[PDB]
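In the authors' numbering, the protein residues as written are -10 to 88.
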């Protein structure tokens, strides 16, 4: 196990769980995607183009909301494009990501 290792009782290593439900061609979804990509974070996109079932699954987790996109971090609901950009503008997004 050669290398410069970091020790702080992590045990098994996980990182921020970031999810975004999208339509690929939605300009608001695209805008939210761009922000996340710029940050360089690892995340999961659920592109649900024309997928009615997945939308109902999304709405179940997002306060019944069916608007796109819907964003989650560590299983907490962040909201849509405006929401994440508002958090970033007030310096609240990076420590959720989480740095």
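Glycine residues also receive a C-beta, built at the ideal position from the N, C-alpha and C atoms.
Between 2, 7, 46, -4, which has its C-alpha nearest residue 84's C-alpha? 7
Boundaries (first-last residue) of the alpha helix (DSSP H) holding residue 15: Note, residue 15: premise wrong, no alpha helix (DSSP H); not H, not E.
Please state whether DSSP places residue 73 in a helix, a strand or coil. helix
Quick one: measure Cβ to Cβ for residue 59 and residue 47, integer angstroms, because I've assumed they're closer than 8 Å. So it is a contact: roughly 5 Å between Cβ atoms.
Test item: CB-CB of residue 14 and residue 57 under 8 Å: no
Does DSSP put residue 45 in a helix, in a strand, or in coil? helix
Distance between beta carbons of residue 62 and residue 5, contact taken as under 8 Å: 6 Å
Ordered along the chain, which non-local residues of its own chain (more than five positions away) have a Cβ less than 7 Å from that of residue 44? Excluding its 5 nearest sequence neighbours in each direction, residue 44 has C-beta neighbours in its own chain below 7 Å: 37, 55, listed in chain order.
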